[PDB]
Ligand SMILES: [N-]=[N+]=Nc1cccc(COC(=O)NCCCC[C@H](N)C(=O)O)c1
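Just the one chain here, laid out as structure tokens, in the form deposited without the named molecule.
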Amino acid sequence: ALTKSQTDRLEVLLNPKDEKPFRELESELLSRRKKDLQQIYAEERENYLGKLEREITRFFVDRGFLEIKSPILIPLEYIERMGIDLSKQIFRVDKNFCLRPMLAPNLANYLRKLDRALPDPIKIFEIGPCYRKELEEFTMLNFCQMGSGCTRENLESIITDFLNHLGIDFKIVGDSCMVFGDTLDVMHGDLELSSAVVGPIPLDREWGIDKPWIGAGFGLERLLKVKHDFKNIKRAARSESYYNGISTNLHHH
């Protein structure tokens, strides 16, 4: 009979592929996880979240999408202009700023600005940290297209080519967003990988957008969770407690 604390400790040390006294169970698992880190150190040394970003960056750059790197610390006023009055989830910084809860506002600004320079259609994407209070720190991909070719079919076609590239099975279900309105949810079982939008929407006017557009947002930690069969998404996050899904706390309980 294991205590709750003993069971939690073993669960942290347990890996999806893994298949008696507590101390002996812990020692066995600690041995396996140390060896796992040893092999990563000897043979690959890349972080899953960083590696996935790099693989996704390649996919969209190859497909003709411009790689964007925009501020993570953004004006609070951007949130207001997204119609977010959900406000409790916003991490406030200084007085007039916040940690971005989504990539959409910065990308809206880039779409409007790049429309003065780039031919039709304009295709851009960004990968990076986003924040939502009470995962609080996670990594989003947003891609979007503006101009011609901005149809439901094309949006679904891009999403399909992308998840086929990652080798992730999915389905699409109609849903809504209190920000974007009607959406397409990309589902893996009951886990939402993505929300996608077929523009235009009334919100566009507040951002100087006057062309049709399509876009989709993906959580990278959720993609890792599906790909590596993590039970707990915290295994896929920026962390001091997990590295590539392996516990970094290899002390004894």
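Counting begins at 1, following the sequence as shown.
We do not show the form solved in complex with the named molecule, though everything after this point is about it.
Site residues 82, 108 and 215 are all in contact with the named molecule in the deposited complex, judged by any heavy atom within 4.5 Å. Considering the named molecule in the deposited complex, the lone stretch of 113-121, 156-164, 67-75, 175-183 in range is 175-183 [heavy atom distance within 4.5 Å]. Looking at residue 59, you'd find every heavy atom of it more than 4.5 angstroms from the named molecule in the deposited complex. Although the partner is absent here, residue 102 lies within 4.5 Å of the named molecule in the deposited complex, judged by heavy atoms. Of the heavy atoms in residue 150, none are within 4.5 Å of the named molecule in the deposited complex.
Contact check for residue 52: every heavy atom lies farther than 4.5 Å from the named molecule in the deposited complex.
Using a 4.5 Å cut-off on any heavy atom, the residues of 187-213 that reach the named molecule in the deposited complex are, in sequence order, 195, 197, 203, 204, 207, 209, 213.
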